[PDB]
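As you go down the protein sequences, you meet chains B, 2, F, E, I and Q in turn. First residue of the first sequence: 149, per the deposited numbering; consecutive thereafter. First residue of the second sequence: 2, per the deposited numbering; consecutive thereafter. First residue of the third sequence: 35, per the deposited numbering; consecutive thereafter. First residue of the fourth sequence: 64, per the deposited numbering; consecutive thereafter. First residue of the fifth sequence: 58, per the deposited numbering; consecutive thereafter. First residue of the sixth sequence: 2, per the deposited numbering; consecutive thereafter. Each remark here refers to the structure printed beneath this line.
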Amino acid sequence: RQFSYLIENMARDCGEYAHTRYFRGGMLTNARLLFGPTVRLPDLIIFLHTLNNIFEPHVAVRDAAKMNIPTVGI
Amino acid sequence: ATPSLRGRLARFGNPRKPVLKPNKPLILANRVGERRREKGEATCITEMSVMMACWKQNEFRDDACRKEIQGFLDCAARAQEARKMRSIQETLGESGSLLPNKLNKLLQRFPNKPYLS
Amino acid sequence: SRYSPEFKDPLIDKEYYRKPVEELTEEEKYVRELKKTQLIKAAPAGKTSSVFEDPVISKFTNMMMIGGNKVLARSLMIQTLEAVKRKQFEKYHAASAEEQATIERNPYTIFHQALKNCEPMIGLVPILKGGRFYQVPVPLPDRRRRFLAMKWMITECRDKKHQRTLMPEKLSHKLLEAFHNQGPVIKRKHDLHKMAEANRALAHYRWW
Amino acid sequence: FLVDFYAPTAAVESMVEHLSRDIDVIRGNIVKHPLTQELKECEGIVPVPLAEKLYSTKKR
Amino acid sequence: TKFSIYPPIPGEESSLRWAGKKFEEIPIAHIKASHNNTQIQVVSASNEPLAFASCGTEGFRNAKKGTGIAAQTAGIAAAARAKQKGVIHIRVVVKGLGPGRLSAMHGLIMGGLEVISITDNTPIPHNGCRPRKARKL
Amino acid sequence: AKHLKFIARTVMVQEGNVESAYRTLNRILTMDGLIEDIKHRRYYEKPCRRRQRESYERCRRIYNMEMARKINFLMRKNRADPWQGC
RNA sequence: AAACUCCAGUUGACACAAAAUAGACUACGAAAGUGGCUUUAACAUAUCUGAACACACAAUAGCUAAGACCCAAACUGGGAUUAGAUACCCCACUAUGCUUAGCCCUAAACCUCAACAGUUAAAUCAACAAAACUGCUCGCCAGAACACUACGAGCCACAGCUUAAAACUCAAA
Ligand SMILES: CN[C@@H]1[C@H](O[C@H]2[C@H](O[C@H]3[C@H](O)[C@@H](O)[C@H](NC(=N)N)[C@@H](O)[C@@H]3NC(=N)N)O[C@@H](C)[C@]2(O)C=O)O[C@@H](CO)[C@H](O)[C@H]1O
Ligand SMILES: [K+]
Ligand SMILES: [Mg+2]
Ligand SMILES: [Mg+2]
Ligand SMILES: [Mg+2]
Ligand SMILES: [Mg+2]
Ligand SMILES: [Mg+2]
Ligand SMILES: [Mg+2]
Ligand SMILES: [Mg+2]
Ligand SMILES: [Mg+2]
Ligand SMILES: [Mg+2]
Ligand SMILES: [Mg+2]
Ligand SMILES: [Mg+2]
Ligand SMILES: [Mg+2]
Ligand SMILES: [Mg+2]
Ligand SMILES: [Mg+2]
Ligand SMILES: [Mg+2]
Ligand SMILES: [Mg+2]
């Protein structure tokens with residue numbers, strides 16, 4: 149949360165997207181229902197923080213591998 | 002200093018007989034128990050014993066035991082307010098230890114991990 | 035209920051509003067302004083702003099009423115007050131020079147004091163301890179003992195021991211007996227006081 | 064009164080029976096002299112870490 | 058000086074006096090708080106019986122003796138027989154964890170006696186005799 | 002018996018405040034363990050039952066000490082949210 | 001309620017019984033087991049493994065004999081509860097528990113997880129419990145029940161222990 153503001157601004161500055169909020173189950177593995185059938189998922193996910201707030205791996209790390217999305221992580 | 006746990010439970014490396022036989026695994030939980038209810042202390046009992054002792058001598062007349070009755074009456078009024086003040090104030094008022102509901106919101110932010118991830 | 039929670043009960047006190055602004059405290063002043071915004075319930079018929087209004091005599095009339103016949107209960111109440119009044123005037127003309135100074139002729143002062151001499155101080159309340167109910171002596175609240183005083187007076191008169199005596203003559207005789215700390219209603223308070231002093235060993239079961 | 068002395072092992076049982084018959088001896092005990100028991104040097108208290116791997120790392 | 062909770066040892070001389078009497082001279086109130094009764098016996102420093110009272114001697118029977126009201130009544134009755142013999146200050150020696158353990162001490166105060174000390178002499182063995190078997194009630 | 006009287010388990014009363022002396026005395030007997038010992042000695046506790054109780058009391062202590070040690074370690078984080086809004 | 005009433009309380013004298021706290025320690029010993037004090041003797045083995053029966057041990061209960069006796073206490077007796085109560089609750093008392101000398105040889109004798117040596121990598125592992133394996137050896141086990149039985153043999157054991165089947169039966173346990 150400390151860096152949530154900074155990351156969101158950079159994404160807008162570089163014409164890219166961000167998700168620093170609570171990850172609702174299904175963003176990636178169920179995008180068709182949530183967004184629509186013709187939705188286009190990310191081609192690259194950059195993890196600035198791979199852990200969540202209870203010191204466990206972010207769910208998107210595992211969900212991005214299921215959707216064959218390459219991940220970059222610190 | 003928390004007591005040791007080396008060579009206490011029955012295991013394969015431990016050659017000696019077990020010292021402890023816990024029925025529940027010794028693993029901290031992610032919550033604490035809810036505070037129990039207190040039995041409470043009866044009030045105005047000393048004023049209530051000298052007022053019922055005067056009736057016996059005065060054959061249960063309320064004209065000679067007036068002073069005793071006031072003690073038993075005024076006390077009841079004071080005790081009544083204290084019970085009302087204590088109930089609301091303790092929960093709303095923050096003194097010393099926290100309440101289970103507020104302490105379990107803090108233990109769920111730093112849960113105990115007995116597994117690997 | 036046809037009133038909403040917003041509706042507030044009315045204040046019939048006539049000397050409250052007249053109070054000068056100079057006396058109004060900061061907290062009270064605020065209250066007065068606040069009430070303006072609030073919705074007020076319509077005053078019920080029973081209570082007016084009269085100078086003869088007595089809330090204790092109105093509650094005693096309602097506790098005698100049967101089937102909503104308030105004209106008869108009030109009639110009985112006023113007859114009783116007149117009966118207490120005429121009996122004391124008869125005891126005042128026939129009294130000695132020094133006995134007339136200690137004879138109360140105001141029936142209200144007699145009604146309020148008679149009921150206060152019957153109010154019990156402690157009662158028996160069943161408390162559950164060890165899966166059993168124990169009648170432990172408990173300090174009755176102010177209202178409870180005020181209610182019992184009225185209930186006992188009305189039950190005693192209703193009790194069918196007086197073969198052919200009208201309520202005003204019965205109630206006036208009981209009100210004058212409790213005024214002098216005599217009679218069955220007073221005795222009924224002692225019997226409850228003798229049972230709360232026999233069961234004093236169980237005066238710790240209660241917590242409050 | 065303390066009496067430090069040297070004696071054979073068989074003299075203790077014979078001397079404990081002599082002190083029981085003397086009328087001026089309230090109580091008398093014979094113990095191994097504490098100065099014939101060297102005290103091993105200590106380096107200090109060794110901290111003990113909480114026990115680990117007592118339960119399997121499984122999600123119960 | 059200050060106030061210590063430890064009893065004044067007899068040998069060493071002190072200045073603590075009660076009605077001109079040393080701690081040793083004060084009479085003793087032996088309270089036996091049992092589970093179904095409470096016996097009280099007041100004695101002098103020279104082991105001379107001054108007063109005896111118990112719940113049974115005060116007209117209580119069976120389960121009324123194992124209450125705090127009966128123990129207090131026996132304390133008032135023992136504080137009235139010893140107050141006629143010149144007893145004001147006492148040393149309490151309570152024995153037992155019964156209901157009338159503290160209630161008898163209050164009854165002694167409601168009889169005109171002033172308590173200067175509270176001694177506990179509850180029999181505790183360093184294993185000796187075997188108690189009765191546990192019960193299923 | 003053979004020891005001096007009025008030394009052991011004796012508490013003196015200050016300014017006629019007997020209640021405080023009895024509360025003080027009862028706190029000395031509970032901290033030393035006499036109170037519970039006197040209650041467990043009323044009925045014979047069989048070795049097997051006493052060994053089952055000592056283990057339960059030792060495992061509860063261990064758990065309660067660690068549970069308390071974590072509550073005092075995480076009480077620093079009971080302050081207001083510094084990133085309110087994120 | 002019964003029981004006792006040479007009863008209870010204080011003080012003092014006074015054990016062939018049992019060993020608060022320490023012990024939040026985690027030790028000794030083959031196990032069983034062992035937690036008051038002192039003293040004496042004293043705790044196998046310079047490869048491992050190795051027995052229902054050889055050899056020596058083995059909680060409690062129990063037998064035989066002679067002693068002791070505070071308390072506890074199967075049986076029994078009394079009191080109460082209950083539809084009944086050969087039970088649970090109360091009281092009392094005995095065998096027994098102690099010692100000595102012999103016997104008996106059992107246990108949920110279960111840390112239900114053999115001894116020795118070794119590893120933490122790989123396929124981690126049905127589940128649960130106390131993570132998963134390797135090497136070597138002894139012992140044991142092959143549906144349930146009949147069966148901690150019957151017979152035989154052996155044993156200071158004579159209502160006993162050890163070893164230990166089958167037939168009828170089921171399609172599950
Ligand atoms: C899958 N079959 C289950 C099984 O059925 C069995 C059941 O078999 C029963 C035998 O006849 C009887 O003699 C037998 N009785 C005996 N005294 N030995 C039963 O124990 C047996 N039941 C059982 N093992 N669970 O009854 C038989 C007629 C059955 O249907 C044969 O297939 O057991 C039944 C319960 O008994 C279940 O209801 C069935 O679902
Ligand atoms: K076991
Ligand atoms: Mg279990
Ligand atoms: Mg000991
Ligand atoms: Mg070998
Ligand atoms: Mg073989
Ligand atoms: Mg065998
Ligand atoms: Mg044996
Ligand atoms: Mg034997
Ligand atoms: Mg006995
Ligand atoms: Mg019977
Ligand atoms: Mg015997
Ligand atoms: Mg064992
Ligand atoms: Mg082997
Ligand atoms: Mg088979
Ligand atoms: Mg068998
Ligand atoms: Mg056999
Ligand atoms: Mg045979």
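The beta-carbon is built from N, C-alpha and C at its ideal position, and this holds for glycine as well.
Cβ-Cβ distance between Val19 (chain Q) and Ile147 (chain I) below 9 Å: Taking the sixth sequence and counting its residues from 1, one reaches residue 19 (chain Q) at position 18. Taking the fifth sequence and counting its residues from 1, one reaches residue 147 (chain I) at position 90. Not a contact, by the Cβ cut-off of 9 Å.
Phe183 (chain B) (DSSP reduced to helix, strand or coil): Taking the first residue of the first sequence as 1, we reach residue 183 (chain B) at position 35. In this structure, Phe183 (chain B) counts as coil in the three-state DSSP scheme.
Close beta carbons around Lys89 (chain I), own chain, < 6 Å, minus the five adjacent residues each side: Within the fifth sequence, the letter at position 32 stands for residue 89 (chain I). If we look at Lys89 (chain I) and ignore the five residues flanking it on each side, its Cβ neighbours are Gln96, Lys152 and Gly153.
8 Å Cβ cut-off: residues of chain 2 touching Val111 (chain E): In the fourth sequence, the residue the question calls residue 111 (chain E) occupies position 48. By Cβ distance, chain 2 contributes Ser5 and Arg7.
Distance, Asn73 (chain Q) Cα to residue 1 (chain 2) Cα: One cannot answer for residue 1 (chain 2) here, as it falls past the ends of chain 2, which runs 2 to 118.
Secondary structure of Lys122 (chain I), DSSP reduced to three states: Here residue 122 (chain I) refers to the residue found at position 65 of the fifth sequence. If DSSP states are grouped into helix, strand and coil, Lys122 (chain I) belongs with coil.
Assigned secondary structure, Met32 (chain Q) (DSSP; H/G/I helix, E/B strand, else coil): As a working note, residue 32 (chain Q) is residue 31 in the sixth sequence. Assigned with DSSP and collapsed to three states, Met32 (chain Q) falls in helix.
Cβ distance (whole Å) where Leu10 (chain 2) is taken to contact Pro19 (chain 2) below 8 Å: In the second sequence, counting from the first residue as 1, residue 10 (chain 2) sits at position 9. In the second sequence, counting from the first residue as 1, residue 19 (chain 2) sits at position 18. That pair is a contact at about 6 Å.
Proximity of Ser174 (chain I) and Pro64 (chain I) at Cβ, strictly below 9 Å: As a first step, residue 174 (chain I) must be located in the fifth sequence, where it is residue number 117. As a first step, residue 64 (chain I) must be located in the fifth sequence, where it is residue number 7. Closer than 9 Å, so yes.
Closer than 7 Å at the beta carbon, the chain B residues around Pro115 (chain 2): The residue labelled residue 115 (chain 2) in the question sits at position 114 within the second sequence. Neighbours of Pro115 (chain 2) on chain B: none; closest Cβ ~13 Å, over 7 Å.
Pair within 9 Å by beta-carbon distance, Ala131 (chain F) and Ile137 (chain F): Here the question's residue 131 (chain F) lines up with position 97 in the third sequence. Here the question's residue 137 (chain F) lines up with position 103 in the third sequence. No; because the gap between Cβ atoms is not below 9 Å, this pair is not in contact.
Extent of the continuous alpha helix (DSSP H) run through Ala148 (chain F): For the purposes of this step, residue 148 (chain F) is identified with residue 114 of the third sequence, where counting begins at 1. From DSSP, the alpha helix (DSSP H) with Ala148 (chain F) extends over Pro141 to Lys150.
Cutoff 9 Å: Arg110 (chain 2) Cβ touching any chain B Cβ: As a position in the second sequence, residue 110 (chain 2) is number 109, starting the count at 1. Closer than 9 Å: yes.
DSSP bridge partner residues for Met13 (chain Q) (one or two, in chain order): Stepping through the sixth sequence from its first residue, residue 13 (chain Q) is reached at position 12. Per DSSP, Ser174 (chain I).
Contact set between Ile202 (chain B) and chain 2, taken where Cβ atoms lie within less than 9 Å: For the purposes of this step, residue 202 (chain B) is taken as residue 54 along the first sequence, with counting starting at 1. Those are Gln109, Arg110, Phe111, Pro112 and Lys114, listed as they occur along chain 2.
First and last residue of the uninterrupted beta strand (DSSP E) at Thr189 (chain F): On the third sequence, residue 189 (chain F) is found 155 positions in, with the first residue counted as 1. Run containing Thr189 (chain F): none in the beta strand (DSSP E); it sits in the alpha helix (DSSP H), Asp176 to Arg192.
Whole-angstrom distance between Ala131 (chain I) and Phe123 (chain F), CA atom to CA atom: Within the third sequence, the letter at position 89 stands for residue 123 (chain F). Within the fifth sequence, the letter at position 74 stands for residue 131 (chain I). Straight-line Cα distance between these residues: approximately 56 Å.
Exposure of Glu69 (chain 2), with buried meaning 16 or more beta-carbon neighbours within 10 Å: Your numbering for residue 69 (chain 2) matches position 68 in the second sequence. Counting Cβ neighbours within 10 Å, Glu69 (chain 2) comes out buried, since at least 16 surround it.
Closer than 8 Å: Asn184 (chain I) CB and nearest ligand 4 heavy atom: On the fifth sequence, residue 184 (chain I) is found 127 positions in, with the first residue counted as 1. Yes, ligand 4 has a heavy atom inside 8 Å of this Cβ.
Member of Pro180 (chain I), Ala135 (chain I) and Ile145 (chain I) whose CA lies at the smallest distance from the CA of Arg74 (chain I): Taking the first residue of the fifth sequence as 1, we reach residue 74 (chain I) at position 17. Here the closest residue by C-alpha is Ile145 (chain I).
The segment 167-187 of chain I in contact with the segment 96-104 of chain E per 3-pair CB rule at 8 Å: no
The segment 97-110 of chain I in contact with the segment 215-229 of chain F per 3-pair CB rule at 8 Å: no
Three or more C-beta pairs below 8 Å linking the segment 97-113 of chain 2 and the segment 28-42 of chain 2: yes
Inter-stretch contact (C-beta, 8 Å, three-pair minimum) for the segment 189-207 of chain F and the segment 111-123 of chain F: yes
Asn96 (chain F) versus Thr25 (chain Q): straight-line alpha-carbon distance, rounded: The count along the third sequence starts at 1 and reaches residue 96 (chain F) at position 62. The count along the sixth sequence starts at 1 and reaches residue 25 (chain Q) at position 24. Those two C-alpha atoms are separated by around 57 Å.
Coarse secondary structure for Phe109 (chain I), derived from DSSP in three states: In the fifth sequence, the residue the question calls residue 109 (chain I) occupies position 52. In this structure, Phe109 (chain I) counts as strand in the three-state DSSP scheme.
Nearest to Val172 (chain F) (by Cα), restricted to the options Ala235 (chain F), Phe94 (chain F), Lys42 (chain F) and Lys53 (chain F): Along the third sequence, read from residue 1 onward, the residue named residue 172 (chain F) stands at position 138. Of the listed residues, the one whose Cα sits closest to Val172 (chain F) is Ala235 (chain F).
Chain-ordered chain Q contacts of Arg192 (chain I) [CB-CB under 8 Å]: Within the fifth sequence, numbered from 1, the residue matching residue 192 (chain I) stands at position 135. Within 8 Å Cβ-Cβ: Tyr44.
Which of helix, strand or coil DSSP assigns to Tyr45 (chain Q): Taking the first residue of the sixth sequence as 1, we reach residue 45 (chain Q) at position 44. In the structure shown, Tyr45 (chain Q) falls within a strand segment according to DSSP collapsed to helix, strand and coil.
Where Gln150 (chain B) falls: helix, strand or coil (DSSP): Looking up residue 150 (chain B) in the first sequence gives position 2. Note: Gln150 (chain B) maps to coil in three-state DSSP.
Closest by C-alpha distance to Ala128 (chain I), when choosing among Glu82 (chain I), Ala139 (chain I), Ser91 (chain I) and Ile85 (chain I): Indexing the fifth sequence from 1 puts residue 128 (chain I) at position 71. It is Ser91 (chain I) whose Cα lies nearest to the Cα of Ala128 (chain I).
Residue range of the alpha helix (DSSP H) that includes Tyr64 (chain F): As a first step, residue 64 (chain F) is located in the third sequence; it is residue number 30 there, counting from the start. From DSSP, the alpha helix (DSSP H) with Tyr64 (chain F) extends over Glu60 to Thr71.
Selected residue, minimal CA-CA separation from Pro26 (chain 2), among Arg51 (chain Q), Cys60 (chain Q), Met66 (chain Q) and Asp33 (chain Q): Within the second sequence, numbered from 1, the residue matching residue 26 (chain 2) stands at position 25. Closest by alpha carbon: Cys60 (chain Q).
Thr219 (chain B) versus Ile193 (chain B) - alpha carbon distance: Along the first sequence, one-based indexing puts residue 219 (chain B) at 71. Along the first sequence, one-based indexing puts residue 193 (chain B) at 45. In a straight line, the C-alpha of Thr219 (chain B) is about 5 Å away from that of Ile193 (chain B).
Proximal chain B residues relative to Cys60 (chain Q), where beta-carbon distance stays under 8 Å: As a working note, residue 60 (chain Q) is residue 59 in the sixth sequence. Ordered by position in chain B, no residue passes the 8 Å Cβ test against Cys60 (chain Q), which lies about 27 Å from the chain.
Three or more C-beta pairs below 8 Å linking the segment 176-196 of chain F and the segment 70-88 of chain E: no
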